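Next up: a single chain in C-alpha cells, the form deposited in one PDB entry.
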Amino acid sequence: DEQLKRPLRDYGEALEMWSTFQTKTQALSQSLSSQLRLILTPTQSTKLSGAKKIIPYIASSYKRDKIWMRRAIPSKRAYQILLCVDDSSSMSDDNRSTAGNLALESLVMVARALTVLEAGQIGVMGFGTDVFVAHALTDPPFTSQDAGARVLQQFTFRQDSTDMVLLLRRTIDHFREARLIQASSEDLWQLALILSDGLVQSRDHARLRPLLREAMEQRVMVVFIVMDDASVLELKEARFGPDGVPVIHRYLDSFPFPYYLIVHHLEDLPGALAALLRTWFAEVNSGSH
C-alpha cells in the first residue's frame, strides 16, 4: 500500500484515452456482447424419443419472444472475471513497445462488452512489484465515463519488476473472499485473465504450479495472455471488429486447466481476448461434467 503512492495519470488524459479506446473498439464490443448473449441463452434442440402429414398453424408474436428472453438467462449462475494487467515498465518500453496501451484498449473492449451484456462482474487488477485493485468486482459496472477514466489513471507502466507469484496469490485470495460473500445472501464461475509482455522461461512456469494447483482446487480458471512483439501511430488509428476466430480450439480442449495464449502481434490482442472469453463462456455454460 505504501508503494501504491505512485503518481496517477492526468484525469483529462485518462478520460480521453477511455473515450478513444471505446470508439476504436465499440464494433468488437458490440459483436462480442451479442455472441456472449447467444452463448448464455438456452438453445438446446428438441430430441427424438421411442420411434397425410399434419401441418399445424404455428404462429407467435415477436413481442412475446422478447418477453421470453427477459426471463430466459438464469440469474443463479454468475460470472466473475478479474482482468490483470502488467503495470511494469516492460509494458511501456519508452514508448517503443506500445503494449501497455493496447492492453488498456483491450480492457476497454472487454469492459464495454460485459456492461452491454449485463451479465457477469468485471474486476481489474494491476501488478508489478505490488498488486493493486484498480476496480473491484463489487464496484459498479463501467456504464459511467468517470469509472473508466479512474481505472486507466492507475496504469502508468513504470513498476520495475513483474512478480507473477504475488499476483496469483492475491487473485486467489480475492476470489476466495468473493465466494464467501455469496455463501450468505449462487453458482459462481471465476476467471483470471492475466496480460503481460516478455518471455517465459519454464523457470517461470514451474514456480507458478503450486498456486495454479491451489486455484484449480478452488475451481478458479487462469489464462495467461503473453504479448511478445518484435507502426505506433497507426495503432492509434486502428479500428477493431470481429476477426473470424470464434473460439480458441486448444483452450476448449484443455478446459479447465491453466492456459497460455501467446499473442505475437499486438493488433491481435483485442481479438484474442474476445476469442478467449467466448471459449470460456461457452465452456462454463455447457452441461459438460
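We call the rigid core the largest set of C-alpha positions that still match within 1.5 Å between the two forms. We number the residues from 1 along the sequence you see.
Asks: Please say, as none, 1 to 3, 4 to 9, or 10 or more, how many residues of the deposited sequence are without coordinates in the interval between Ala51 and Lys52.
Replies: The entry has 4 to 9 unmodelled residues between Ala51 and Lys52.
Asks: Report, from the record, the number of residues in the deposited sequence between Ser185 and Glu186 that have no coordinates, as none, 1 to 3, 4 to 9, or 10 or more.
Replies: Unresolved stretch here: 4 to 9 residues.
Asks: If you average the Cα B factors in the entry, which is higher, 272-280 or 11-19?
Replies: Stretch with the higher mean C-alpha B-factor: 11-19.
Asks: Test of understanding: from the entry's C-alpha B-factors, which stretch has the higher mean, 144-152 or 200-208?
Replies: Higher of the two, by average CA B-factor, is 200-208.
Asks: Highest Cα B-factor in the deposition, which of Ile39, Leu235, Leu32, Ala59?
Replies: Out of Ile39, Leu235, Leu32, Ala59, the record gives the largest C-alpha B-factor to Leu235.
Asks: Which one of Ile194, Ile122, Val133, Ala72 shows the top CA temperature factor in the record?
Replies: Answer for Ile194, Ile122, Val133, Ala72: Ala72, with the highest C-alpha B-factor.
Asks: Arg64's Cα B-factor: lowest, middle or highest third of the chain?
Replies: For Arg64, whose C-alpha B-factor we compare with every modelled residue in the chain, the answer is the middle third.
Asks: Among the modelled residues of this chain, does the Cα B factor of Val226 put it in the lowest, middle or highest third?
Replies: Middle third - that is where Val226 ends up once the chain's C-alpha B-factors are sorted.
Asks: Lowest, middle or highest third: where is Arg96 by C-alpha B factor in its chain?
Replies: Answer is highest: the recorded C-alpha B-factor places it there.
Asks: Going by the CA temperature factor in the PDB record, which third of the chain does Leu168 belong to: lowest, middle or highest?
Replies: Its C-alpha B-factor, which the entry lists for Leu168, ranks in the middle third among residues of this chain.
Asks: Based on the entry's values, in what third of the chain does the Cα temperature factor of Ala111 lie: lowest, middle or highest?
Replies: CA B-factor rank for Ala111: lowest third.
Unshown form deposited in another entry; subsequent notes refer to it.
Asks: Please name the single residue among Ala147, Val165, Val200, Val133 whose Cα shifts by at least 2 Å between this form and the one not shown after core superposition.
Replies: Meeting the 2 Å or more criterion is only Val200.
Asks: Core-aligned, does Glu267 move its Cα 2 Å or more between this form and the one not shown?
Replies: Yes, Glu267 moves 2 Å or more.
Asks: Superposed on the rigid core, does the Cα of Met17 end up 2 angstroms or more away between this form and the one not shown?
Replies: Stays below the 2 Å threshold, so no.
Asks: Do you see a C-alpha shift of 2 Å or more at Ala27 between this form and the one not shown, with the core held fixed?
Replies: No, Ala27 moves less than 2 Å.
Asks: Just say closer or farther for the C-alpha distance from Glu16 to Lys236 in the other entry, relative to the shown form; it changes by 3 Å or more.
Replies: The answer is farther, because the C-alphas of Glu16 and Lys236 separate from each other in the other entry by 3 Å or more.
Asks: Mind checking the CA-CA distance of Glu16 and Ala272 in the other entry? It differs by 3 Å or more from this form, so is it closer or farther?
Replies: Residues separate in the other entry, at least 3 Å farther apart.
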